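As structure tokens, the structure follows; a few thoughts come after it.
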């Protein structure tokens with residue numbers, strides 16, 4: 001009969017840096033075997049220091065975003081300051097658990113800066129458990145992107161390799177290459193690559209084209 | 008003859024809100040001083056009988072690890088407002104994983120302070142001081158039975174309020190230290206109370222930026238008395 | 004007087020006194036003045052304190068990015084309507100995804116406050132909201148009252164000793180629909196120096212200014228950033 | 001998932017792995033499965049990771065309110081009893097929770113085991129998880145009440161290493177705590193690939 | 005005394021004074037007249053300029069209940085727009101249940117029973133408003149009703165509420181509204197509210213007119229500016 | 002649902018229904034309690050027997066647990082429903098936190114029950130005061146009392162009821178350290194105190210001691226006859 | 002609406018409360034009931050009030066109500082308020098028996114009703130009950146028992162109590178003639194007819210003016226027997242025979 | 001709605017230079033039966049917005065009733081404010097999502113066209129609460145058949161005139177008449193401009209059957 | 002099934018000026034006895050009994066709710082209950098649980114108190130009363146008990162032959178059942194005395 005869920009695809013990616021945080025996602029909305037649109041990003045700007053990505057059932061991603069944006073205003077009208085990035089992640093864990101027995105089908109990754117100007121990445125399950133990481137990938141192609149960043153960022157499974165921290169310049173071309181490999185083998189990964197970069201001065205955006213199957 | 012509990016004056020204020028302001032002139036006096044080094048905060052006990060146990064009563068009680076309190080007027084209905092303030096700081100810690108600031112504790116209590124009526134029964138006859146150290150430094154607030162709160166620098170609340178507020182405006186300056194703000198308050202309490210000052214009639218509690226809410230006891234307290 | 008106890012009871016003249024006594028509560032609070040240009044809406048308040056060491060009681064509150072209010076009366080009833088005010092702005096922004104219009108907000112306030120003025124054992128809300136905002140039709144200055152009767156206006160002033168401020172605004176309102184933000188504010192600052200005793204006026208710690216603007220989000224200025232606005236005023240003629 | 005805890009003469013030892021999977025896919029390798037309720041209580045994560053994270057954060061709220069009202073800290077017996085009663089109200093609705101409660105008390109060490117079904121038992125040794133049965137075999141061999149401190153560190157560290165070696169859903173790093181008189185102290189956190197070179201030769 | 009505090013007590017000669025006291029609050033509001041022409045209804049409200057500070061178009065005493073129904077009030081304005089909300093809400097439930105636009109003999113019946121329900125209990129007070137309802141239908145013609153604070157409604161060829169009620173409806177019966185269309189009426193509505201409220205009591209005032217009929221295609225709306233400027237051109241010819 | 006504010010403020014800041022209830026306490030019978038360092042001793046006076054009634058149904062010393070006794074004054078109708086609500090709370094504590102109820106904890110339940118009841122709609126306040134006496138865990142004997150406004154308050158010796166100012170003024174000139182020397186010597190303080198009250202010459206007194214490990218133990222009127230003999234015998238020879 | 006309220010719940014400025022003291026003033030007049038026990042058995046002697054010559058004299062009793070299978074009560078005061086209290090504690094004893102499958106002890110039936118009666122004196126804005134009433138009964142924990150209730154809500158155990166119009170005259174004579182544990186259920190019957198000879202101003206003790214019911218313990222019966230109007234008058238004259246001898250010989 | 005009784009079919013929509021054009025047929029099917037052959041499936045909301053729908057038709061008359069009241073009560077306030085087309089698109093999205101959450105959905109799929117403040121608006125609304133914007137939309141089997149014809153013009157030519165768009169819709173309505181068992185040769189075209197909302201009458205297509213002589 | 006979870010058998014039979022009732026003694030769970038003294042016949046005043054058979058919970062539950070309503074009846078009124086009135090009382094009690102029904106089937110037997118006339122009836126689990134003049138049966142072994150009573154009942158029987166008939170009806174029908182047995186108790190009532198006998202049955 002009436003099934004309340006559907007899978008709309010989508011793939012998000014966040015990398016925590018030393019003084020930055022990069023959040024990227026594709027721009028394809030599609031369910032079944034069809035294509036709805038070729039322009040629907042997942043980069044949502046919460047504050048000037050926090051960007052959230054939302055992948056999964058798109059009807060829940062629209063609702064959950066508008067619930068969050070209300071509660072950031074209710075904090076400021078009651079506390080005279082904006083929320084920090086860690087305060088948002090502790091809040092949204094309670095929101096996702098509040099519908100424990102009819103859950104959101106949304107995968108969430110929060111990237112942004114902390115109080116000291118360092119990167120922070122919080123990855124969520126659809127129930128509301130979380131931890132702080134250096135890089136996470138969520139969505140449909142998450143099984144393809146996570147092994148590649150263990151090699152390059154994590155420097156895992158390598159011998160006699162020096163450990164330099166990731167610069168901003170190296171992290172840009174690392175993100176741009178890993179979606180090109182993901183767009184070949186995944187049918188859901190889309191056409192334009194919206195990349196949002198959070199620094200100590202604001203949020204920059206950048207759009208990179210992909211193949212359009 | 009009998010009005011309601013919810014009736015305006017012809018002068019326009021209310022009746023029982025204004026009556027509850029009269030009720031806090033019967034409680035024990037209390038003095039708090041905000042200093043950039045930290046908040047000191049003192050009270051008397053008003054011991055009635057020699058057979059009475061002295062430490063069973065208290066006026067300073069803590070809300071969190073970084074927020075203390077001080078009550079006057081009636082005492083039995085002050086314990087309701089203290090318990091609502093404790094639960095409110097834990098719900099803020101539960102959902103936001105941080106400490107609620109000193110100001111936003113006070114308006115959470117002040118919204119409760121004027122909610123009596125004839126649906127869902135009288136205002137609270139207490140007066141409170143809130144000493145705490147949030148991220149804006151040390152703070153000091155003072156609410157009302159009317160639900161009005163404002164940040165003070167050195168507030169004196171109790172039966173000897175206006176006698177102490179005159180003597181407190183002449184000793185305070187913006188560059189005090191915490192070691193002398195403690196000594197300055199006990200001189201004021203020595204003038205206004207009935208009995209002679211000792212280590213049992215009063216108690217103090219201070220909050221610093223470094224350590225948490227600390228309350229003095231009968232060993233480290235009387236060095237300030239003998240060196241008054 | 005037996006006709007002077009409850010909100011329900013009419014007078015033999017036809018004037019409910021419990022509404023009229025709540026008008027006395029707004030005459031006890033300190034004054035505030037709102038006015039508007041063609042493209043801006045400025046409200047200016049005058050704070051009070053109790054002792055010289057206690058801080059001053061703030062009056063101008065931020066409701067939304069295009070709506071701000073100014074209070075006069077008992078402050079606990081003001082927060083009871085302000086929390087209603089914030090709630091009705093963001094759920095319309097939740098549903099329709101648009102800013103709620105100012106003239107349609109105040110009609111919710113007039114229906115909200117009329118209900119306790121007709122039941123039994125229910126007081127009126129003693130509060131004096133001046134509202135400044137933006138529709139698509141430009142600026143708006145509104146006032147309310149405890150009698151639940153809201154007024155559209157272009158310049159008003161309410162609080163203690165406000166009649167002298169209204170006499171200043173009537174003989175200068177031909178100039179308000181032309182000037183920019185600089186002397187629009189210090190037109191309103193010349194209204195607050197009218198409603199004071201003859202020795203102290205504007206010492207940068209008892210005054211607050213709020214502006215909503217045609218490309219400007221609603222902004223509250225407090226006691227340091229007031230000093231650019233507050234300079235450039237002449238001495239009080241005597 | 002593999003956790004264990006045992007108490008002895010010098011307090012309580014708590015250890016766990018750090019792998020969290022999703023079907024056959026591994027989500028993360030660095031999941032801290034021993035969460036810190038208080039400076040004087042510890043709780044583990046077994047089964048539903050979000051259900052153990054919520055209700056033990058909700059317990060830490062409740063224990064703090066108890067301390068402000070009564071002016072002493074809660075006992076370990078009282079703390080598990082609060083957790084057993086909150087979970088029982090959702091019995092049959094499908095909660096996954098198999099945690100343990102550790103901590104020093106006025107009666108000495110405390111080590112209780114709380115289920116989502118309503119089990120609340122005491123004991124001296126416990127092991128919860130998918131690879132829990134691999135932990136019992138090596139732990140029962142080297143267990144004594146009169147172990148030394150450095151000896152009890154090696155027992156619990158190697159016992160997790162044997163469980164991650166057999167079980168497919170267990171792995172990562174080996175976190176290790178120690179509950180003492182004044183409070184718990186974090187001991188170490190060793191990777192399994194480093195222990196493999198250590199325990200081989 | 006003591007027989008006039010609640011609305012639940014009769015007098016020892018059998019009348020309720022709380023209703024009669026609330027009627028007395030109507031004669032402090034200014035004047036609202038409305039007469040119906042051959043093929044429509046024209047309202048008219050003279051509006052006091054209290055001070056110069058208010059805006060032209062503030063606090064309208066002339067509402068808009070449905071697409072075809074109009075309301076002009078006189079009384080305590082907070083109670084007026086409270087009745088305007090339930091009447092606007094009553095017409096919505098008629099259309100959502102019965103499918104078509106509500107008629108006036110039913111609409112003024114439903115509102116007046118809601119007004120009547122507050123003259124029975126000690127828990128509430130009576131409303132302090134009197135108002136008028138007018139509309140036009142192609143199957144019914146024009147209608148004009150009026151409701152007092154007690155809850156009594158009737159039909160009229162023309163009515164008046166405010167301070168000078170008898171002094172206004174003295175000149176209404178000088179007209180011949182049975183034959184005039186709603187164009188000549190608009191000049192005659194404005195004229196009879198110029199001879200009232202001498203310039204001694206009020207300094208300046210404001211004309212506010214309304215308008216419904218098939219010339220407005222059944223919809224209720226305000227008059228255009230040019231037509232009411234003709235009526236204000238027809239202002240200073242009553243001095244002869 | 003009867004919704005009416007009973008307790009309201011006065012124009013000078015008092016609660017009239019609260020202090021009218023304190024006069025209902027001021028004509029109930031006298032109850033006295035002191036504490037020794039090992040055995041507590043409390044005992045009501047003015048039993049006012051009519052020699053045709055069951056002596057056990059008129060008792061005013063009851064037990065909330067094994068360790069907590071309770072005496073009261075005021076009107077007895079409101080008393081035994083505060084007790085029956087306190088028995089439920091001290092029992093539900095055992096389903097929670099496993100230790101038995103401390104004597105300080107149960108007075109915070111009674112006083113908070115008594116306060117919010119001078120705050121609700123359509124409820125007159127209680128007209129009783131109490132003495133809660135218990136030796137808790139780690140053997141610390143202590144006592145408390147409860148004002149009808151709901152202010153719990155600890156003491157070393159106290160007395161409520163009709164004629165409480167004279168007895169409290171008697172104890173301050175009489176409570177020494179050596180008066181609590183022996184267990185049979187602290188009882189000689191109470192029987193000397195209640196004899197300095199409404200008469201009660203061995204026929205209207207009912208002490209009830211508790212030796213920090215037993216339950217309450219009412220002595221029958223034979224040792225009270227034995228104690229009142231020697232309490233007068235020391236007064237017979239010194240003066 | 003607050004002008005018409007009578008405030009039946011608040012205190013008086015002297016400390017006491019007026020509303021139940023007016024009800025305990027009405028319990029003084031209008032009725033006479035008394036009880037006595039010292040051994041096997043307990044009796045209720047009640048005095049009938051309406052003695053008009055046109056009545057049917059039915060329902061097995063007038064002021065005696067069988068509550069349980071082994072206890073009963075005598076009532077005094079407002080009779081309309083009496084009928085509501087009787088069929089209220091009548092099913093308290095049954096919901097006890099439904100819950101425990103055991104007859105209720107006589108004492109904790111009284112405490113259950115006297116908590117209901119106390120609540121009207123304490124909140125609700127309600128007229129209290131102007132009813133005081135006795136209780137006889139048997140249980141296995143203490144045997145034969147005797148209780149008295151008050152409109153304030155406080156009870157008590159007794160051995161002899163009257164709530165008549167001259168109850169204070171009767172109690173002063175009950176504690177002049179008694180014996181603790183030796184008055185068997187013939188001397189108690191002889192003492193009952195002597196007391197209500199005094200407190201009833203209507204002389205000569207018409208046998209239809211009184212009611213007497215006894216509660217004797219038979220092995221599994223606990224026989225509650227309202228003794229008929231053929232053995233009252235022989236007990237009346239038995240008092241009358243000895244009083245002529247005791248007066249003339251003194 | 002558990003089971004849709006009387007249903008509609010595909011609805012088209014595409015922007016052009018200064019307005020949006022929407023077309024849909026005039027058939028309400030019932031299973032495989034064409035019972036109601038003269039219904040109208042396009043609602044003209046006030047002056048600058050416009051709605052068509054697929055799915056269950058009895059639920060469409062419900063939303064035709066509710067939106068009809070939300071426009072009437074606003075315009076008699078005299079505020080000088082009306083709902084923008086994306087404000088209605090935001091309202092209707094919340095109405096879908098708040099009703100599947102109670103597990104009692106509205107079996108519809110709706111296309112909202114609109115032209116306010118110089119720019120065009122075209123929005124999609126799903127039964128489950130999935131909503132987005134696009135320069136061309138199609139529901140039902142039109143997402144499989146007509147939607148590829150829409151995109152290949154718009155990717156080779158981003159902007160269109162009004163006559164080019166109205167020609168391009170009538171080609172896609174012809175395709176749905178051939179290759180869909182639930183279509184009908186009687187449709188109507190609705191168009192918003194700056195001038196207002198115009199709904200044309202029962203238009204018809206021109207079919208070609210020349211391949212039927214090929215054995 | 003649900004009725005076969007514990008077993009049970011209740012029989013009532015009408016005599017001349019007397020009426021007898023009998024039941025088994027076994028209490029068990031589906032294969033396994035627990036005890037052989039389980040009460041299934043309960044007194045409802047003098048000369049009026051009731052037998053319950055079915056699920057062993059509702060045997061003990063209904064017999065306590067019915068006693069609850071009976072004592073309130075006999076104290077509000079001044080008399081004992083008629084046998085016909087109790088049948089309407091039980092049928093009210095079962096029909097209130099129309100959709101949560103008690104799994105029992107009562108059998109009522111007794112004499113009318115004023116004119117000493119016998120009365121028997123039986124009810125289903127939702128309360129359809131059926132009065133007869135010869136016999137009623139209830140329990141798991143119902144069909145065995147119809148073959149007994151249709152062949153052994155006589156119209157006018159003294160209490161001696163009434164006892165012999167209801168004994169031979171129970172000892173043979175219950176012996177053919179598997180989940181019923183372990184003893185039979187027989188009550189036979191009459192206007193002067195009342196008699197309870199226990200039969201020597203197969204403990205097999």
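Chains as they are written, first to last, in the deposited numbering: chain S, 1 to 213; chain K, 8 to 127, 134 to 241; chain L, 4 to 241; chain R, 1 to 201; chain M, 5 to 244; chain J, 2 to 240; chain I, 2 to 251; chain T, 1 to 215; chain P, 2 to 205. Heads up, the beta-carbon is just placed ideally off N, CA and C, and yes, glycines get one too.
DSSP on residue i, reduced to helix/strand/coil?
i: residue 93 of chain K; result: helix
i: residue 178 of chain J; result: coil
i: residue 162 of chain S; result: coil
i: residue 241 of chain K; result: coil
Under 8 Å between the Cβ atoms of residue i and residue j?
i: residue 28 of chain L; j: residue 77 of chain L; result: yes
**Message:** Using a Cβ-Cβ cutoff of 9 Å, what residues of the stretch 41 to 72 of chain J are near chain R? List them in chain order.
**Reply:** none
**Asked** Which runs of the beta strand (DSSP E) spanning at least 3 residues fall entirely within the stretch 115 to 197 of chain R, listed in chain order?
**Response** 125 to 129, 173 to 179 and 184 to 191
**Message:** Would the stretch 68 to 82 of chain K count as touching the stretch 232 to 241 of chain K if we require 3 or more Cβ pairs under 8 Å?
**Reply:** no
**Asked** Can you list, in chain order, the residues of the stretch 90 to 110 of chain L whose Cβ is nearer than 7 Å to any Cβ on chain S?
**Response** 93 and 97
**Request:** Count the C-beta pairs between the stretch 26 to 43 of chain R and the stretch 66 to 75 of chain J that are closer than 8 Å, then say yes if the count reaches three, no if not.
**Result:** no
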